[PDB]
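Enquirer: Input: one structure, supplied below.
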Amino acid sequence: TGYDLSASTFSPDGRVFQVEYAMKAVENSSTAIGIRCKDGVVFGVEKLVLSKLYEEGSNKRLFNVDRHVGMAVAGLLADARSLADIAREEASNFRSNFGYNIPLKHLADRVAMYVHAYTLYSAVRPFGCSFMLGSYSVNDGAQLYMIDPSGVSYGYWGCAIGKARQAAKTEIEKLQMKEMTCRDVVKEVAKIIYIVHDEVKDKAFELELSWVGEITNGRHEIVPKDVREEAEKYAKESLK
Amino acid sequence: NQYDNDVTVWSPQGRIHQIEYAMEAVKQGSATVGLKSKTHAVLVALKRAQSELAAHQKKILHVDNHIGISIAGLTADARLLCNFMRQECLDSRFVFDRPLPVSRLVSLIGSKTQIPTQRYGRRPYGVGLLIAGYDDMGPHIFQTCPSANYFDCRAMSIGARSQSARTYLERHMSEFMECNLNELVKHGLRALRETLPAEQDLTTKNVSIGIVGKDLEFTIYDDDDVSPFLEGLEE
Amino acid sequence: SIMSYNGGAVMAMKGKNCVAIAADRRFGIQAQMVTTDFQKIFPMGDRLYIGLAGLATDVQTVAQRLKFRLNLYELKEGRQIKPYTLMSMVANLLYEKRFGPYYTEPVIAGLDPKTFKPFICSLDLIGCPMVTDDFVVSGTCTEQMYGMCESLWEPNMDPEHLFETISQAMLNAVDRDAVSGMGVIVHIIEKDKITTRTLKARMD
Amino acid sequence: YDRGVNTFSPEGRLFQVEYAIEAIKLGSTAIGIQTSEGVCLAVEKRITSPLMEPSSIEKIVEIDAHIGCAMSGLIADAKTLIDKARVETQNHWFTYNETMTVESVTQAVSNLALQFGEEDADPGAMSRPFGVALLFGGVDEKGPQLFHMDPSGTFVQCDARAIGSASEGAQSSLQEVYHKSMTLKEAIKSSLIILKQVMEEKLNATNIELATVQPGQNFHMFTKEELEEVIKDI
Amino acid sequence: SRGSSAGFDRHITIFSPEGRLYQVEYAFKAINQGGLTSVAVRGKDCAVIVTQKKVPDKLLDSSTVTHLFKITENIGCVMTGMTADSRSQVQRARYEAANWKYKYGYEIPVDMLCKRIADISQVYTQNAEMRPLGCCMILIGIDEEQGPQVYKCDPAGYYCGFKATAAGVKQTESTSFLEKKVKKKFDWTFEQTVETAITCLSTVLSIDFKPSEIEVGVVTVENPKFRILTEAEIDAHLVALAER
Amino acid sequence: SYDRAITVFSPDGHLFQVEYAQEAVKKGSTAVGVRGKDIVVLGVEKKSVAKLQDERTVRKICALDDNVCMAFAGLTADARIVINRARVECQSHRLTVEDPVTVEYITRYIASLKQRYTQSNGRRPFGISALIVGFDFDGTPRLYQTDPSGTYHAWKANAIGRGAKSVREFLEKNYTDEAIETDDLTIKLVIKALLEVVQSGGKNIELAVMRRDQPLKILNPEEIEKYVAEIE
Amino acid sequence: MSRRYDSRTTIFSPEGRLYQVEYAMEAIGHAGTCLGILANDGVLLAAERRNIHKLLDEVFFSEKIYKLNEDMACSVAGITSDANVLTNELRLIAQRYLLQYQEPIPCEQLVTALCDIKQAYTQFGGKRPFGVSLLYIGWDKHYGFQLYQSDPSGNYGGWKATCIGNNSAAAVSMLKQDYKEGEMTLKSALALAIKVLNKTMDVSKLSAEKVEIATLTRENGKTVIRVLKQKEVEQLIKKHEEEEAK
Amino acid sequence: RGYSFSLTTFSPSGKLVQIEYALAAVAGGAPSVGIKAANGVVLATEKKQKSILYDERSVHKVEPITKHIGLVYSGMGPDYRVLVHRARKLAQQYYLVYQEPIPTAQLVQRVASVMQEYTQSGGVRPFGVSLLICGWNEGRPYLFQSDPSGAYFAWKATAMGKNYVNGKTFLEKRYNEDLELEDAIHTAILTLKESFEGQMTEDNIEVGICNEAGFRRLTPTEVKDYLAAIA
């Protein structure tokens with residue numbers, strides 16, 4: 001009764017509700033996953049098509065924060081486009097200040113701090129956007145960090161953000177991704193999503209994937225046509 | 001009832017009510033449509049009459065030579081965005097001396113309309129937009145919202161009873177690419193009539209259009225220039 | 001320099017239980033006199049005075065700020081100001097102006113309100129506090145007033161001898177200064193009373 | 001009281017703007033009319049007592065030589081716009097060395113209608129929208145023009161309008177009697193015939209005021225001596 | 001009064017009829033929501049932190065999940081509380097620790113780092129605009145004068161150095177065991193302290209922790225730099241629990 | 001700073017703060033005035049006189065300039081402000097325009113202040129209704145009235161404050177052209193006007209007059225008593 | 001900004017009277033009773049003391065009677081906290097006047113300068129008003145002796161004899177009967193103020209510790225502000241106590 | 001930015017509601033007694049912990065503001081660190097301008113004026129701390145009490161915290177003049193024994209004195225010397 005009206009109030013049990021409510025904004029968002037392998041990091045996203053009128057590629061949820069850093073968002077996309085633009089300001093301030101590629105562990109900190117500064121006050125609202133950041137480097141290796149509305153950052157071998165999580169987080173555990181190669185991972189990522197995706201409420205989507213790793217020489221890219229077609233067909237053949 | 005009055009207050013369901021109520025402001029005003037071929041991109045806006053004696057509001061505004069918008073929402077509130085868009089398109093020709101990419105111009109609106117949704121004590125802009133433009137990557141039709149989320153669309157319809165106009169655009173989608181100047185406009189004109197009841201028809205007074213294409217700059221046809229396109233279309 | 005525009009002279013010499021402060025009466029612009037009624041010595045309250053020299057604008061400008069800050073200090077505190085505390089006030093007043101300094105060299109003289117304790121001091125454009133057990137001078141004629149005060153001053157003097165000493169100190173030092181003159185006003189601060197005398201000096 | 005100034009109602013309209021238009025209904029009746037040869041403006045003074053001097057109440061102000069005005073609702077709020085409109089007209093004459101058209105004048109005052117707000121503002125920002133509705137008559141190279149403004153900031157071109165205490169009663173009978181090419185002298189009579197019935201106190205020379213503007217003649221307000229001949233032809 | 005509320009006292013931070021502050025009371029409950037516990041024991045020459053480390057899912061990377069941070073080379077930290085608020089103060093503690101060395105030109109002492117942190121949590125208490133943070137910091141380290149130092153910072157702004165600490169879900173019960181061993185006053189060495197500290201958690205939780213179920217930060221006079229004991233070094237101390 | 005909307009609209013369109021401000025005027029000290037030929041008269045009644053008060057410092061009839069005076073009825077704390085703000089504008093006008101201040105020019109500026117404080121963020125509307133009087137160049141008397149809302153009018157005769165309704169009922173009947181012919185009957189009309197608000201009293205009535213280029217003149221209790229002596 | 005927590009201190013009431021101003025006057029209504037009397041020579045201020053205990057030091061000054069300027073003083077009835085803010089403002093106002101004009105500030109000019117500060121807090125800013133209503137005494141080169149009483153709303157005025165604080169209504173009714181215009185002298189004024197208080201004191205016997213008198217006279221071109229010591233105060237009481245019977 | 005509106009407003013009865021409850025916080029704080037007698041002012045606060053693991057040398061209630069001034073508190077603990085950090089600056093800002101140590105009367109005047117600023121300026125609550133400021137200036141001791149309202153007094157002897165009513169009553173019957181600083185420390189600790197329950201060691205009680213020697217906090221070994229009930 002009034003304790004949940006602002007982010008500046010604790011419940012009598014200690015929970016901050018306005019932060020817990022911003023997390024439910026992600027629970028209703030579409031599912032996106034990410035995975036590490038020996039060679040690099042792979043992304044996947046379920047981008048729902050709300051109408052045929054929308055151009056293919058619109059509402060792209062995979063943002064490029066830096067050349068070597070990818071990003072995948074699940075939540076309200078209005079706030080996401082603000083984060084992706086602010087995450088670029090941190091990567092560019094790093095490039096300006098320290099003059100080299102921003103390490104992913106540090107980029108997932110500054111950003112997770114900015115997400116946190118909006119849970120303290122009563123003059124702002126918490127972000128409703130949960131997002132993960134993968135990257136690869138020859139001197140670092142496959143790195144994947146998830147950030148949530150509260151600003152908590154964890155590393156993962158694989159993760160599921162958005163609506164379906166416990167369903168997708170169980171399907172990733174079965175396969176052993178440590179010794180596998182990225183070219184064989186892409187085929188498994190699409191295999192997981194179609195298994196996770198079930199059509200009851202929503203209708204159709206567009207599978208989006210990303211390369212970062214040894215194949216791309218560190219530059220984060222979307223999966224090229226032939227490989228994306230090569231990977232998507234395998235998940236359809238393995239569907240049954 | 002307590003969650004309604006503020007923009008920065010979430011709900012138990014993770015829904016911001018004021019941003020939802022700002023979406024209702026788009027449904028409170030005249031419907032507009034637009035679509036693009038491989039070349040041209042044409043906006044068609046229905047100018048609403050307060051009465052038969054009073055004239056019609058202007059629903060289409062110039063932005064840059066290659067870019068134009070159709071405002072549906074609070075009228076004087078859309079002139080805040082239009083003044084912002086005109087300054088961004090002039091700063092692009094003043095600095096880079098090149099026409100501003102339409103995918104960039106819509107991204108600056110996503111940054112401008114995002115701040116009032118974030119901060120307390122401010123309201124989200126209650127204006128939806130269709131930005132028609134032409135650049136090196138081809139014509140574009142972009143929808144925006146009060147929620148600051150902008151799309152990339154082949155054809156859309158916003159405003160009162162826009163769902164019916166959206167349904168029409170889906171069926172003919174495959175033909176939109178090969179249409180010439182005249183036939184393309186006729187697709188949008190057929191969309192407006194679906195939004196309004198049969199007791200009202202399209203006239204030279206209440207319908208304004210704009211056209212941007214490969215070799216043609218964005219231009220607004222007011223009244224007498226609308227008649228040649230109106231003629232030749234059965235209702 | 002700039003402090004030589006209006007000229008002026010201020011002197012203070014400490015006695016045993018008493019102090020004496022003196023200044024000339026001349027107000028003029030460079031080579032031209034205007035009036036002989038100008039006042040370079042201002043009351044800070046009972047048994048405490050302050051002299052001011054240098055540019056005549058800042059003499060009246062700095063003084064009006066002290067009576068501004070003094071009356072605030074004396075109303076807040078339940079006691080009168082100590083002459084030592086007043087030195088640090090005028091030092092802080094002039095130092096805040098460090099980059100646009102007032103042109104003046106305050107000269108403070110008075111008695112510690114405790115019992116008998118005399119105090120004097122002088123300052124600079126920047127307001128470096130300088131405490132002396134003998135005398136302080138400021139003005140364009142300062143060079144003159146050093147030699148006069150050196151020979152005449154003694155460690156302990158009764159009020160009668162302060163006046164005779166500071167009178168001949170100013171009168172002779174000013175006669176050799178072109179921009180100062182036109183009579184001298186001498187104040188005497190005792191424990192019992194205060195004696196003010198305006199000397200008859202050469203008009204020139 | 002629980003609902004900021006910028007809060008949207010569930011119907012998609014700002015409260016304070018929704019309430020501002022409710023304050024126009026309490027104003028004084030003002031009737032503009034457009035004609036190819038000029039614009040006529042008439043408004044009721046609403047004299048509240050015999051001791052009041054009618055000459056001091058001016059509800060029709062001259063924005064510029066080529067542009068008139070009218071006001072209804074709160075008269076206090078009108079002075080902020082009128083003094084702003086006069087500056088913008090002179091700013092244009094000063095910069096571009098030409099008379100600002102009636103179109104650009106409304107875009108100047110209409111931009112200030114939604115400037116109201118609380119947070120992230122200056123000391124010059126307003127806490128409420130204007131409670132005044134203006135009608136700008138004027139003549140430019142495009143001919144005589146008449147516009148309407150409400151607190152929402154929407155300027156609308158119009159052939160004629162009625163605002164103030166009764167808009168409905170006047171707008172009902174005004175659209176009828178206004179036909180096409182009808183000239184000024186005919187419009188003035190039709191303006192008073194509508195206005196005389198919609199008011200309460202009887203029509204007098206000093207009870208109401210009247211204004212007009214022509215393409216070849218500057219904005220002119222009829223004096224009492226000229227109005228006594230006009231009310232004679234009613 | 002005894003719990004009576006007047007007006008808005010329970011929403012923002014202002015005095016109630018009984019004089020308390022309910023928002024700060026609830027910040028103490030935000031610590032127990034973390035679902036864990038932590039203990040920092042101060043020996044003679046050493047100060048040891050033993051943290052319960054929960055990795056429920058195998059997909060979770062163990063290397064990136066730690067409650068043991070490094071504020072500065074010689075000062076360790078363990079954050080018990082809201083994970084979001086934890087990394088908020090740590091990033092702020094590192095700024096205050098580096099700003100200390102940019103002004104005062106020497107590495108900040110542990111006692112004065114808890115003071116500048118607890119004084120910032122005082123700002124959030126008075127100002128009604130914002131809430132206090134819900135994390136409880138425990139710093140260890142060794143000052144070249146007073147030796148080993150173990151301090152604790154509550155969200156209220158009240159910091160006090162303890163001989164042996166506890167935090168999280170189990171505290172009062174975890175302290176009840178610490179009252180037993182500290183009163184006996186055993187000779188405390190690097191191996192004697194870690195064996196007792198790990199036993200303290202095992203007595204409360206009835207587990208007998210595995211090597212991967214904890215992480216142990218340690219600092220000694222011989223080893224002033226803050227170090228985290230590897231799984232191999234942890235298991236070397238776990239076999240001692242088979243003994244005494 | 002503190003920026004928040006105090007004055008706001010209502011479902012009925014009424015401004016509460018502006019209407020409640022006028023409620024402060026609705027209990028004032030009654031102030032009246034009339035216009036003669038060459039003369040103009042102001043008056044006010046004071047019921048608060050215990051004989052312990054100093055009548056000079058409580059005078060509610062002030063002077064903005066040589067050619068203009070004014071009165072007020074309402075909360076006296078707010079009048080000091082408007083008056084001290086109006087007197088600054090009178091002198092800044094003579095600095096901008098070498099001519100003196102027109103009676104109308106200073107009445108606008110008083111109204112433009114009562115406007116800005118209605119729409120400004122985190123302010124309060126004034127609770128005073130000021131009645132301004134003066135002679136414009138060529139020597140024509142002028143009488144104005146302001147409103148807490150910022151609306152200024154003109155009047156031949158007027159009354160403000162408590163009991164202003166009953167006073168107007170006397171003024172409207174007895175104000176004619178055959179009246180206000182002489183300076184005495186113009187003053188005798190004001191004293192008769194205050195008879196409606198007389199408590200069985202009137203030794204407390206204050207008056208002021210202005211004639212041609214002569215400055216404001218306040219009648220003492222003795223001069224007024226001679227005017228009271230003639231009734232029947 | 002969270003309006004919910006905003007109490008709206010500057011808004012009018014439905015009857016057009018500011019709440020925080022009326023509630024401030026009830027805070028002043030229970031405060032220490034102060035009064036003043038203007039005589040032919042000199043003006044006095046009699047302040048009652050509501051804090052009395054064996055452990056109180058009485059270190060400073062008259063305790064609720066201040067000194068604004070060399071020529072002026074004031075008493076205080078209201079919140080003791082907020083009075084120290086006003087006094088520090090009045091002492092700046094008189095010294096800014098003296099800075100420009102190099103003459104003592106007249107009583108009319110100083111009072112109306114402070115009431116502008118009491119307006120800014122009641123009109124705008126949202127902050128609470130001042131709970132302090134003041135009495136003023138002093139002399140100036142023009143209108144002579146002056147006695148002014150302000151309030152938390154900034155409404156002041158001249159007075160020959162006034163009272164403020166607890167039982168201020170019952171005291172004024174006594175002054176109106178006894179006070180004679182032009183016939184009062186400082187010797188007859190002191191005897192008057194005691195008779196007024198002794199009836200309005202909640203504690204009888206009128207101890208010299210409770211009521212303390214401060215008088216202001218002008219002598220040798222200098223304003224003399226004296227606080228009567230407890231010796232002379234008790235002497236005036238005993239002279240008044242013998243006049244009740246003998 | 002923040003809240004610009006004052007959180008303290010006058011009640012219908014005419015009494016500030018915030019401050020009234022701020023005085024209810026100091027009533028339940030740590031018992032604090034102080035005495036102004038003869039040449040010194042003693043301040044004795046009872047520091048009562050919940051455990052033997054609490055290190056005493058880390059936290060001290062009695063704190064010096066400067067060499068000649070000292071300070072204790074009864075009330076909210078953290079709020080006390082805000083005044084001290086403000087009071088230590090005001091003593092320095094004074095010492096920079098006037099080049100002399102700040103007199104207690106002028107410090108309590110400026111500190112209590114800061115405690116008034118939070119009873120007006122918006123978006124802040126008043127402090128929950130009722131100060132006792134001991135000082136020695138011009139050979140005259142100073143014992144003042146500042147409360148959350150900002151209204152400072154001058155006391156010979158006073159008591160705070162739990163049973164402050166029972167504390168002052170014990171002071172009247174004991175306190176007198178010609179009372180040495182020695183007997184003051186004795187009479188101060190005797191008052192806490194009626195307040196505090198249980199054995200009182202050097203860790204339980206924290207005492208400090210202010211005199212011509214300056215303000216110093218007594219070390220636990222010295223406090224143990226007075227726990228013998230001698231001196």
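We name chains A, B, ... following the order of the structure tokens; residues begin at 1 in each chain, and ligands are numbered from 1 as shown.
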Extract, using only C-alpha atoms, all DNA, RNA and protein residues at most 10 Å from region 123-129 of chain A, discarding same-chain residues fewer than 6 positions from it, and format them as a count of residues only.

Expert: 54

Enquirer: Select from chain E every residue with an atom at most 10 Å from any atom of chain G, then for each give the shortest pair of atoms and their distance in Å to one decimal, using only C-alpha atoms, rows by chain and rising number, as a Markdown table.

Expert:
```
| residue | atom | partner | partner_atom | distance |
| --- | --- | --- | --- | --- |
| E:7 | CA | G:5 | CA | 9.6 |
| E:8 | CA | G:5 | CA | 7.5 |
| E:11 | CA | G:5 | CA | 9.7 |
| E:12 | CA | G:5 | CA | 8.9 |
| E:128 | CA | G:5 | CA | 9.5 |
| E:129 | CA | G:1 | CA | 7.7 |
```

Enquirer: Taking the DSSP assignment computed from this structure's backbone, write out as a ChimeraX atom specification all residues of region 15-241 of chain E that belong to alpha helix (DSSP H).

Expert: /E:22-32,83-103,110-126,172-184,190-205,231-238

Enquirer: Can you work out which one of D:111, D:91, D:49, D:55 has the shortest atom-to-atom distance to chain B, counting only C-alpha atoms?

Expert: D:111

Enquirer: So that I can check the surroundings of region 31-35 of chain D, please list as a list in words every protein, DNA and RNA residue that reaches within 8 Å of it, counting only C-alpha atoms and ignoring chain neighbours fewer than 4 positions away.

Expert: residues 39, 40, 41, 42, 43, 135, 137, 144, 145, 146, 158, 159, 160, 161, 162, 163, 180, 181, 182, 183, 184, 187, 191 and 195 of chain D

Enquirer: Would you compute the distance between CA of residue 32 (chain H) and CA of residue 135 (chain H)? Give it in Å to one decimal.

Expert: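 Between these atoms lies a distance of 16.7 Å.
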
Enquirer: For region 98-100 of chain F, please output as a ChimeraX atom specification all residues within 12 Å (counting only C-alpha atoms; exclusion window: fewer than 6 positions along the same chain).

Expert: /F:64-68,89-92,106,134-137

Enquirer: Generate a file of the selected residues that holds C-alpha atoms, formatted as a compact mmCIF listing (two decimals), in the first residue's frame.

Expert:
```
# COMPACT_ATOMS: atom_id res chain seq x y z
CA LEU F 64 2.85 55.98 -6.56
CA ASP F 65 4.06 59.24 -8.12
CA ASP F 66 3.40 62.98 -8.13
CA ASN F 67 0.51 62.65 -10.59
CA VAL F 68 -0.85 59.27 -9.40
CA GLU F 89 8.24 51.29 -12.74
CA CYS F 90 7.17 54.93 -12.41
CA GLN F 91 10.77 56.08 -12.10
CA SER F 92 12.07 53.67 -14.74
CA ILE F 106 1.20 52.30 -14.30
CA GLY F 134 -4.40 60.20 -10.96
CA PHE F 135 -4.40 63.06 -13.46
CA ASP F 136 -3.13 62.47 -16.98
CA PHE F 137 -1.55 65.33 -18.91
```

Enquirer: Show me a table, sorted first by chain and then by increasing residue number, of the residues of chain C having an atom at most 10 Å from chain H, each with its shortest atom pair and the distance in Å to one decimal, counting only C-alpha atoms and written as a tab-separated table.

Expert:
```
residue	atom	partner	partner_atom	distance
C:76	CA	H:106	CA	7.9
C:77	CA	H:106	CA	7.2
C:78	CA	H:105	CA	9.2
C:84	CA	H:98	CA	8.7
C:85	CA	H:98	CA	5.4
C:86	CA	H:98	CA	7.6
C:87	CA	H:98	CA	8.4
C:88	CA	H:98	CA	5.5
C:89	CA	H:98	CA	6.2
C:90	CA	H:97	CA	9.4
C:91	CA	H:97	CA	8.5
C:92	CA	H:97	CA	6.1
C:93	CA	H:97	CA	9.1
```

Enquirer: Using only C-alpha atoms, tabulate the residues of chain F lying at most 12 Å from any atom of chain B, each with its closest atom pair and that distance in Å to one decimal, by chain and increasing residue number, as CSV.

Expert:
```
residue,atom,partner,partner_atom,distance
F:3,CA,B:121,CA,10.8
F:4,CA,B:121,CA,9.8
F:5,CA,B:121,CA,11.3
```

Enquirer: I'd like the interatomic distance between CA of residue 20 (chain D) and CA of residue 75 (chain B), to a tenth of an Å.

Expert: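 Atom-to-atom, CA of residue 20 (chain D) and CA of residue 75 (chain B) are spaced 16.4 Å apart.
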
Enquirer: Show which residues sit within 10 Å of region 165-176 of chain E, as number ranges by chain. Count only C-alpha atoms, and ignore same-chain residues fewer than 3 positions away.

Expert: E: 28-42, 49-51, 78-81, 135-138, 150-152, 161-162, 179-181, 200-205; H: 51, 53-54

Enquirer: Counting only C-alpha atoms, collect the residues of chain B whose closest atom lies at most 10 Å from chain A, and write them out as a ChimeraX atom specification.

Expert: /B:2-3,6-16,35,107,110-111,113-115,117-121,140-143,145,147-157,166-167,169-171,173

Enquirer: Could you please write out, as a list in words, every residue of region 48-159 of chain D that DSSP assigns to strand (DSSP E or B)?

Expert: residues 52, 64, 67, 71, 72, 73, 126, 132, 133, 134, 135, 136, 137, 138, 139, 140, 143, 144, 145, 146, 147, 148, 149, 155, 156, 157 and 158 of chain D

Enquirer: Emit the selected residues as an mmCIF file, in the first residue's frame, including C-alpha atoms.

Expert:
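Result went into selection26.cif, see below:
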```cif
data_model
loop_
_atom_site.group_PDB
_atom_site.id
_atom_site.type_symbol
_atom_site.label_atom_id
_atom_site.label_comp_id
_atom_site.auth_asym_id
_atom_site.auth_seq_id
_atom_site.Cartn_x
_atom_site.Cartn_y
_atom_site.Cartn_z
ATOM 1 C CA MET D 52 -17.913 51.634 -15.183
ATOM 2 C CA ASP D 64 0.090 45.274 -36.441
ATOM 3 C CA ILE D 67 -3.397 42.567 -38.537
ATOM 4 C CA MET D 71 -10.019 37.804 -27.366
ATOM 5 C CA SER D 72 -12.381 35.768 -25.215
ATOM 6 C CA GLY D 73 -12.164 33.963 -21.909
ATOM 7 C CA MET D 126 4.353 28.529 -17.126
ATOM 8 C CA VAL D 132 -7.669 32.610 -23.744
ATOM 9 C CA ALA D 133 -8.767 31.979 -27.337
ATOM 10 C CA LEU D 134 -7.645 34.465 -29.982
ATOM 11 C CA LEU D 135 -8.936 35.384 -33.439
ATOM 12 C CA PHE D 136 -6.435 37.105 -35.737
ATOM 13 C CA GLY D 137 -7.913 39.024 -38.630
ATOM 14 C CA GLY D 138 -5.581 40.552 -41.158
ATOM 15 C CA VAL D 139 -4.737 41.292 -44.764
ATOM 16 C CA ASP D 140 -1.619 40.202 -46.635
ATOM 17 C CA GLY D 143 -5.786 38.513 -49.206
ATOM 18 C CA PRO D 144 -7.836 38.957 -46.042
ATOM 19 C CA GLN D 145 -7.358 36.074 -43.620
ATOM 20 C CA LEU D 146 -8.929 35.076 -40.305
ATOM 21 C CA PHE D 147 -7.537 32.433 -37.942
ATOM 22 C CA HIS D 148 -8.548 30.734 -34.703
ATOM 23 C CA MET D 149 -6.425 29.666 -31.741
ATOM 24 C CA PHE D 155 -4.238 27.340 -35.239
ATOM 25 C CA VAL D 156 -6.982 26.838 -37.818
ATOM 26 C CA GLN D 157 -7.748 28.943 -40.867
ATOM 27 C CA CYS D 158 -11.388 29.968 -40.939
#
```
